[PDB]
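Shown here is one chain on its own, the form deposited in one PDB entry, set out as structure tokens.
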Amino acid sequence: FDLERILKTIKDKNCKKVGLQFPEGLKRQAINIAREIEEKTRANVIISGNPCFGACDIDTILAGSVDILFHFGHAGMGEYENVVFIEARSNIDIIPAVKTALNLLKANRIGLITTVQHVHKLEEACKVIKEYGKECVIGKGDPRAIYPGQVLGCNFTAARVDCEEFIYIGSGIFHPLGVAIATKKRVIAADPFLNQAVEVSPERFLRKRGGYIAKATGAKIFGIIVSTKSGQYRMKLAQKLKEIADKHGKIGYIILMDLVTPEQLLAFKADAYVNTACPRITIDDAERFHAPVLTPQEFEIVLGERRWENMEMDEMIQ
């Protein structure tokens, strides 16, 4: 990533103190970057040592005690006074993986989505698809993120476009799964780190979640989990869910925490939990919890306030 701009920014503004925040994969570079900033500018650097899961997870205590917080690795989320997002993009060629998925397309209007690592390469991919003879749309998502076509585990607005199928560019199965479910459209996952392209079927995902719903039908006491992280806090929803719970003869207790981990939930024995924090906790960490952990809408289905056929992906709406 572009360290020269960071130094120029600091050096132009005569920053007394500078803050650095890294996602877990980038922390190994934190000390090298702080060295570069202290060597080449006059600012003192404070490093954030908490786990950081994304731009939903800004260290606002550190931002409020430094002149500028550089948050690395993610597209911007929200609107912060003195937080500067440093994007950190990937070099990997995605066009070989794009052409691979072209042989699986069964429609002519193709929507393109990807993650922040690859978003600067979508236009290239859009022109390959268009020369192959197809139409290609890239929707706009979070307006506070400079690049369109970007999806998050909690945000599928870049997939709400006039198109027939989607090519998702990236690794991992969660995002194309969520798009498929949120759009009811066919999603082809093109992994550029493998030069392979496969269709994603959400039926297996949907069966597993129906199993957690079924598994919680007998639950009487629910822990409703709230996170204080800057972009994950949904207390208003949590209080509605408590009221819904009580309306159906069940009991919910609101548990407010920072990190949402199986170990901390194990300390409060309830029959099931409802996670209003990061939606990916519910899915990626499902098997690590000692009792069923439900999205807010799955909870509604468990109590009767929503029908199974209306189950939507959990999306971050604070």
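Just so we're on the same page, rigid core means the largest C-alpha set that superposes within 1.5 Å between forms. In case it trips you up, residue 1 is the first one in the sequence shown, and so on.
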(request) Look up the CA B-factors in the entry and say which stretch, 221-229 or 114-122, has the higher mean. (result) 114-122
(request) Going by the average Cα B-factor in the PDB entry, point out whether 302-310 or 16-24 comes out higher. (result) 302-310
(request) Tell me which of 243, 81, 203, 162 tops the list for C-alpha B factor in the record. (result) 162
(request) Between 175, 140, 207, 71, let me know which has the highest C-alpha B-factor in the entry? (result) 140
(request) Divide the modelled residues of the chain into thirds by Cα B-factor and specify which third, lowest, middle or highest, holds residue 166. (result) middle
(message) For the chain shown, is the CA B-factor of residue 186 in the lowest, middle or highest third of its modelled residues?
(response) middle
(message) Sorting by Cα B-factor within the chain, modelled residues only, which third would residue 155 end up in: lowest, middle or highest?
(response) lowest
(message) Looking at the temperature factor on the CA atom of residue 95, which third of the chain's modelled residues does it land in?
(response) highest
(request) Just say lowest, middle or highest third for the CA B-factor of residue 213 relative to the other modelled residues in its chain. (result) middle
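Below, we turn to the form deposited in another entry, even though it does not appear here.
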(message) Quick check for you: superpose on the rigid core, then look between this form and the one not shown for a C-alpha move of 2 Å or more. Which of 177, 145, 110, 101 is it?
(response) 145
(message) Is the shift of residue 14 between this form and the one not shown large enough to count as movement, that is, does its C-alpha move by 2 Å or more after the core is superposed?
(response) no
(request) Note whether the distance between the C-alpha atoms of residue 9 and residue 144 decreases (closer) or increases (farther) in the other form, against the displayed form; the change is 3 Å or more. (result) farther
(message) Closer or farther: the C-alpha atoms of residue 143 and residue 232 in the other form, versus the form shown, with a change of 3 angstroms or more?
(response) closer
